[PDB]
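Here's the structure we're looking at; comments come further down.
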Amino acid sequence: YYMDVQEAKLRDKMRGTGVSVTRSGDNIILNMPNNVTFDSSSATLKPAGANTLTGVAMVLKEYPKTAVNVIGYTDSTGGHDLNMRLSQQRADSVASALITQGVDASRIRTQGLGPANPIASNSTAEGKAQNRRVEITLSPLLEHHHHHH
């Protein structure tokens, strides 16, 4: 359980934001289309996206046993290294926004996995557009930080 109610909260808050709530197994995948999060192409937090990121951050405050893995995906047509930069850049923008809103930095990790896992075809522009995305992987804290010794 634990994320059952979170799925309901996210589904309500993302009622018409543009964010696709894909609940995979136990963890929740919040994938945000390039257009709704960023302005042009560079990591640029538009008001709409910042507003939505605030909603995400709110839920992350409601349930602090969430591990926030911000994994950025993207097509690598142009320069896989440059796209890697943008991949990490985009993830970092989301993370810093969360931390700014009040999410623990120690509960957040940013991974640029753009040219790693193709969600769609990379040869076709259809998939190329789909691959360029930011997916927030909300997983339950695998063994909370344990320091009493």
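Each chain in the structure tokens gets a letter, A, B, ..., in the order shown, and its residues are numbered from 1; ligands are numbered from 1 in order too.
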
Contacts of residue A:54 within 12 Å, only C-alpha atoms, excl. fewer than 2 positions in-chain, as a compact mmCIF listing (two decimals) with C-alpha atoms, in the first residue's frame:
```
# COMPACT_ATOMS: atom_id res chain seq x y z
CA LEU A 10 -1.48 12.49 -7.90
CA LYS A 13 -3.73 16.98 -8.59
CA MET A 14 -2.60 16.04 -12.10
CA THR A 17 -1.80 19.48 -15.72
CA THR A 37 7.82 21.23 -17.95
CA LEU A 45 11.04 26.00 -15.62
CA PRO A 47 5.23 28.88 -14.46
CA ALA A 48 2.96 25.97 -15.40
CA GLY A 49 5.70 23.44 -14.76
CA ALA A 50 6.82 25.10 -11.53
CA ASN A 51 3.19 25.09 -10.38
CA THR A 52 2.93 21.37 -11.13
CA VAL A 56 4.51 17.02 -6.66
CA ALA A 57 6.58 18.52 -3.84
CA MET A 58 3.42 18.80 -1.73
CA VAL A 59 2.80 15.05 -2.05
CA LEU A 60 6.47 14.44 -1.26
CA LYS A 61 5.82 16.34 1.97
CA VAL A 94 13.32 19.36 -11.16
CA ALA A 95 15.35 18.30 -8.12
CA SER A 96 16.42 21.81 -7.13
CA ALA A 97 12.82 23.00 -7.50
CA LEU A 98 11.68 20.24 -5.15
CA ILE A 99 14.43 20.98 -2.61
CA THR A 100 13.53 24.66 -2.90
CA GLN A 101 9.88 23.94 -2.18
CA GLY A 102 10.82 21.87 0.86
CA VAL A 103 11.77 18.37 -0.24
```

>> Excluding residue A:6 and its own-chain neighbours fewer than 3 positions away, which residues fall within 12 Å of it when counting only C-alpha atoms? Please give them as a ChimeraX atom specification.
In response: /A:1-3,9-14,21,23,26-30,55-56,58-66,138-140

Written selection (C-alpha atoms) as a compact mmCIF listing (two decimals), in the first residue's frame:
```
# COMPACT_ATOMS: atom_id res chain seq x y z
CA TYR A 1 0.00 0.00 0.00
CA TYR A 2 1.25 3.51 0.92
CA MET A 3 1.29 4.60 -2.73
CA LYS A 9 -3.67 12.20 -4.82
CA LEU A 10 -1.48 12.49 -7.90
CA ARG A 11 -4.37 11.55 -10.20
CA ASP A 12 -6.45 14.32 -8.62
CA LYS A 13 -3.73 16.98 -8.59
CA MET A 14 -2.60 16.04 -12.10
CA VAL A 21 0.87 9.24 -13.89
CA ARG A 23 2.05 3.50 -11.78
CA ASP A 26 5.02 -0.71 -6.62
CA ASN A 27 6.59 2.56 -7.72
CA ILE A 28 4.97 5.50 -9.46
CA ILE A 29 6.37 6.95 -12.68
CA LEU A 30 5.51 10.61 -13.11
CA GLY A 55 2.07 19.92 -6.42
CA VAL A 56 4.51 17.02 -6.66
CA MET A 58 3.42 18.80 -1.73
CA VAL A 59 2.80 15.05 -2.05
CA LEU A 60 6.47 14.44 -1.26
CA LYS A 61 5.82 16.34 1.97
CA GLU A 62 2.67 14.34 2.66
CA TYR A 63 4.67 11.12 2.42
CA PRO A 64 8.36 11.48 3.40
CA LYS A 65 9.14 7.78 2.88
CA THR A 66 9.44 8.42 -0.84
CA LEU A 138 8.79 7.64 -6.90
CA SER A 139 9.87 4.50 -5.08
CA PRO A 140 9.48 3.57 -1.37
```

>> What's the separation between atom CA of residue A:92 and atom CA of residue A:146, in Å to one decimal place?
In response: 26.1 Å

>> I'd like the interatomic distance between atom CA of residue A:31 and atom CA of residue A:120, to a tenth of an Å.
In response: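 Taking atom CA of residue A:31 as the start and atom CA of residue A:120 as the end point, the length is 13.7 Å.
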
> Quick one: DSSP strand (DSSP E or B) residues in chain A, as an MDAnalysis selection string?
Replying inline: chainID A and resid 20:24 27:33 38 45 66:73 108:112 133:140

Residues of the last selection are to be written out with C-alpha atoms, as a compact mmCIF listing (two decimals), in the first residue's frame.
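The resulting file, selection_4.txt, is reproduced below:
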```txt
# COMPACT_ATOMS: atom_id res chain seq x y z
CA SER A 20 1.10 11.28 -17.09
CA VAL A 21 0.87 9.24 -13.89
CA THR A 22 2.17 5.79 -14.81
CA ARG A 23 2.05 3.50 -11.78
CA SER A 24 4.42 0.61 -12.49
CA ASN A 27 6.59 2.56 -7.72
CA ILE A 28 4.97 5.50 -9.46
CA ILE A 29 6.37 6.95 -12.68
CA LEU A 30 5.51 10.61 -13.11
CA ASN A 31 6.57 11.34 -16.66
CA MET A 32 6.29 14.94 -17.78
CA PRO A 33 6.22 15.85 -21.50
CA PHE A 38 10.24 23.27 -20.05
CA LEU A 45 11.04 26.00 -15.62
CA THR A 66 9.44 8.42 -0.84
CA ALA A 67 12.70 8.15 -2.75
CA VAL A 68 12.74 10.74 -5.50
CA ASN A 69 14.72 9.46 -8.47
CA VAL A 70 14.54 12.11 -11.16
CA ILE A 71 15.55 10.30 -14.31
CA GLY A 72 15.77 12.31 -17.49
CA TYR A 73 15.39 10.57 -20.82
CA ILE A 108 16.39 13.01 -4.08
CA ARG A 109 18.71 11.69 -6.76
CA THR A 110 19.15 12.90 -10.32
CA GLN A 111 20.16 10.47 -13.06
CA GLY A 112 20.70 11.40 -16.68
CA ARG A 133 11.00 13.31 -21.47
CA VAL A 134 11.49 13.58 -17.72
CA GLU A 135 10.29 10.70 -15.56
CA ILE A 136 10.12 11.10 -11.81
CA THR A 137 10.45 7.63 -10.30
CA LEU A 138 8.79 7.64 -6.90
CA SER A 139 9.87 4.50 -5.08
CA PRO A 140 9.48 3.57 -1.37
```

>> Going by DSSP on the backbone, which residues of stretch 10-147 of chain A come out as helix (DSSP H, G or I)? List them as JSON, numbers by chain.
In response: {"A": [10, 11, 12, 13, 34, 35, 36, 37, 47, 48, 49, 50, 51, 52, 53, 54, 55, 56, 57, 58, 59, 60, 61, 62, 80, 81, 82, 83, 84, 85, 86, 87, 88, 89, 90, 91, 92, 93, 94, 95, 96, 97, 98, 99, 100, 101, 105, 106, 107, 125, 126, 127, 128, 129, 130, 131]}

>> Give me the residues near stretch 39-42 of chain A as a list in words, where near means some atom within 9 Å (using only C-alpha atoms) and where sequence neighbours in that chain fewer than 4 positions away do not count.
In response: residues 34, 35, 46, 86, 89 and 90 of chain A

>> Under the rule that only C-alpha atoms are counted, which of A:85, A:15, A:132, A:144 is the nearest residue to residue A:117?
In response: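 Among the listed residues, the smallest separation from residue A:117 belongs to A:132.
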
> What is the atom CA of residue A:83 to atom CA of residue A:25 distance in Å?
Replying inline: 29.2 Å

> Within 10 Å of residue A:119, counting only C-alpha atoms, which residues qualify if same-chain residues fewer than 5 places away don't, as a PyMOL selection string?
Replying inline: chain A and resi 73-75+114+127-128+130-133

Restricted to C-alpha atoms, what would the selected residues look like written as an mmCIF file, in the first residue's frame?
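So out_14.cif came out as:
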```cif
data_model
loop_
_atom_site.group_PDB
_atom_site.id
_atom_site.type_symbol
_atom_site.label_atom_id
_atom_site.label_comp_id
_atom_site.auth_asym_id
_atom_site.auth_seq_id
_atom_site.Cartn_x
_atom_site.Cartn_y
_atom_site.Cartn_z
ATOM 1 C CA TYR A 73 15.388 10.566 -20.825
ATOM 2 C CA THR A 74 16.120 11.973 -24.267
ATOM 3 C CA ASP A 75 16.958 11.166 -27.858
ATOM 4 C CA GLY A 114 18.695 9.757 -21.716
ATOM 5 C CA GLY A 127 9.525 7.966 -30.843
ATOM 6 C CA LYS A 128 12.306 10.550 -30.894
ATOM 7 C CA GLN A 130 8.512 10.551 -26.956
ATOM 8 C CA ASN A 131 12.021 9.671 -25.742
ATOM 9 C CA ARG A 132 12.681 13.308 -24.873
ATOM 10 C CA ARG A 133 10.998 13.305 -21.471
#
```

>> Using only C-alpha atoms, can you tell me which of A:129, A:43, A:5, A:53 comes closest to residue A:91?
In response: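 Closest candidate: A:43.
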
> Restricting the calculation to only C-alpha atoms, which member of A:88, A:141, A:76, A:8 is positioned closest to residue A:121?
Replying inline: A:76

> Can you tell me, as a PyMOL selection string, what residues are no more than 10 Å from residue A:145 when counting only C-alpha atoms, ignoring any on the same chain fewer than 3 positions away?
Replying inline: chain A and resi 106-107+141-142+148

Serialized selection, C-alpha atoms, as an mmCIF file, in the first residue's frame:
```cif
data_model
loop_
_atom_site.group_PDB
_atom_site.id
_atom_site.type_symbol
_atom_site.label_atom_id
_atom_site.label_comp_id
_atom_site.auth_asym_id
_atom_site.auth_seq_id
_atom_site.Cartn_x
_atom_site.Cartn_y
_atom_site.Cartn_z
ATOM 1 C CA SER A 106 18.943 13.506 0.750
ATOM 2 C CA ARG A 107 15.740 11.871 -0.517
ATOM 3 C CA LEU A 141 12.581 4.230 0.746
ATOM 4 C CA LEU A 142 14.644 1.056 0.570
ATOM 5 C CA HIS A 148 21.894 4.917 15.761
#
```
